[PDB]
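Read through the structure below, which is laid out as structure tokens, and then see the notes.
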Ligand SMILES: [Mg+2]
């Protein structure tokens, strides 16, 4: 699949690692590509590769670090946001940042 | 066994995958045949193959994503509904949608 | 061991499967032989094989689906009922149904 | 080691099985030898083999079914009883029954 | 390493076995050398070998049976006591008994 | 990677061992190199190797012993402190001590 890149900053990425899934309603739409520490904030910055076919995702969308069952692997849940039609189509594209994150 | 098809849309299908069981009172009556995420609604849509012998299931019946014990596999629980026969008899048939769905519950 | 057959209907048999134990105070007295869902009631019906040596079980006896510890297998707990001496001996025999069941 | 045999009835023996340890303050002093269901009471009946060197155990002593940690094996804890000296020395010997049990 | 011997009696040693660690603030300072059940008191008696370098531990120090995480091995935690020096300076030495013990949960 | 050394004293290091990670928001920035118990204070002293690229960590930063999930290994969490600009900028360098520590949390 061709993919596009999104960025997100979390206070804490817990057990999230590269190759961790990104899901929408529990369906895999992408992967964590990289995690590094922002030199300016010392907050972790995550790089996501989302599949190009999932490409009308509003900017108001949020990312949560979740675990699959009690003893499972960590993953990112993309919660697809409400978009006020009176404020256009603000859509996530290659290079954009998801502003709304939930850590730990 | 001959089967019939039902559809269901969830907000979140959690760890449900194709070939996941569909059960009534813990007895397997079907299989998840397909899961796709709708590119237009970003809601997951599940296709079920239910065995033809389980055939008088009211429309008011619900589907829940449950887990078998704490550390187990995810499955679909069909909770068989009520329709007052005196007020007309609405039954799930090949191609119908189950409207009442309960999504995977998370941490909290 | 020779066995006899008992039947029981539950709202929900959870993780119960064929070959699941039937126990009295945690001692194994039988096995689940079959589970079928009645198409007419949509209630699961369990067939049990109880060991012939445990053959003075009152009719008023009850079955519970329990789990063995936190992480364990599901089993059936036979709770041995009250036998009114003033009303004689009503005893479970090959083909009888245990009426009093507790699910999930 | 030579052993002596004690008997005990529980309402429920949970996960207890033959070869399960019997301990005093967490030290192994014997083994569960046998578990059966009493034909007369339908209560589980446990046979213990205590090492002969642990042989002045008062009859007021109790048995508890415990688990070793959350996810561990079930074992029997012998709690060594108070015996009023003014009412004699009543000691457990080969063949005796421990009357005070705690199940489940 | 040279070691010295301490004794301790518990009501219940739970899952403690010979070779079980003895730790101070989570650092291993010794080993359980022996466990016997006293046939006379039916109390378990634990023999410890503490490393000689850990050496001016007050008598008022306590031993606890703890578990390392939920699913872990049992160990002995030596909690180093206060002693007011003005009221005597009593130290655990080869052969001494730790009087203050806390038994398995 | 080149690393620099930091020291820290805890009341209790719990399950911390050599090669245990040091992390900042769950990203690994170093390793526990050594643990010794001071015979004089009976307080454990930890030696850390932090990667040289993480080198503007304020002195006011703190270390916590945490566990990764319910059943996981112990690690050190470096919580990056506040750096007052107005009175000048004190940074951890090879050989410095982290003063602010939080020990392994015990039975309830
Ligand atoms: Mg003591």
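Listing for the model above:
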item	result
Evaluation of residue F:19 against (1) away from chain E (no Cβ under 14 Å); (2) within 11 Å of the chain's Cα centre (by Cα); (3) under 19 Å from residue E:28 (Cα atoms) (one fails), failing number	(2)
Any hit, segment E:86-104, residues being part of a strand (DSSP E or B), away from the ligand (no atom under 16 Å from the Cβ) and surrounded by 15 or more Cβ atoms within 10 Å (Cβ to Cβ)	no
Candidates D:22, D:32, filtered to the one that is under 9 Å from the mean Cα position of the chain (by Cα), over 19 Å from residue E:38 (Cβ atoms) and crowded, with 21+ Cβ neighbours inside 10 Å	D:32
Residue that is farthest from the ligand (Cβ to nearest atom) [pool: residues in segment E:1-16 that are touching a strand residue (DSSP E or B) at 6+ places or on another chain (Cβ under 7 Å) and within 14 Å of chain D (Cβ to nearest Cβ)]	E:15
Options B:70, B:43; residue that is under 11 Å from residue B:10 (Cα atoms) and within 14 Å of chain A (Cβ to nearest Cβ)	B:43
Residue E:61, sole failed condition from (1) closer than 17 Å to residue D:25 by Cα; (2) crowded, with 17+ Cβ neighbours inside 10 Å	(1)
Residue within segment A:47-54 that is in contact with a strand residue (DSSP E or B) (Cβ under 8 Å, 6 or more places away or on another chain) and closer than 28 Å to residue F:78 by Cβ present	yes
Breaking point among (1) assigned to a loop (DSSP other than H, G, I, E, B); (2) more than 12 Å from the chain's Cα centre (by Cα); (3) within 16 Å of the ligand (Cβ to nearest atom); (4) at the interface with another protein chain (Cβ under 10 Å from one of its Cβ atoms), for residue E:81	(4)
Residue within segment E:68-77 that is within 14 Å of the ligand (Cβ to nearest atom) and within 11 Å of the chain's Cα centre (by Cα) present	yes
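This table checks each residue for (1) more than 12 Å from the chain's Cα centre (by Cα); (2) closer than 21 Å to residue A:27 by Cβ; (3) surrounded by fewer than 12 Cβ atoms within 10 Å (Cβ to Cβ).
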| site | (1), (2), (3) |
| --- | --- |
| B:53 | yes, no, yes |
| B:58 | yes, no, no |
| B:63 | no, yes, no |
| B:66 | no, yes, no |
| B:69 | yes, no, no |
| B:72 | yes, yes, no |
| B:77 | no, yes, no |
| B:83 | yes, no, no |
| B:92 | no, no, no |
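So that you can scan it fast, the table gives a plain yes or no per residue for (1) within 15 Å of the ligand (Cβ to nearest atom); (2) within 11 Å of chain F (Cβ to nearest Cβ):
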{"position": "E:25", "(1), (2)": "no, yes"}
{"position": "E:37", "(1), (2)": "yes, no"}
{"position": "E:47", "(1), (2)": "yes, no"}
{"position": "E:50", "(1), (2)": "no, no"}
{"position": "E:56", "(1), (2)": "no, yes"}
{"position": "E:60", "(1), (2)": "yes, no"}
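Any read-out appearing in this document is the output of simple, stated calculations on the displayed coordinates, not a laboratory observation. Cβ atoms come from the backbone with ideal geometry, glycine included; neighbour counts cover every protein chain shown.
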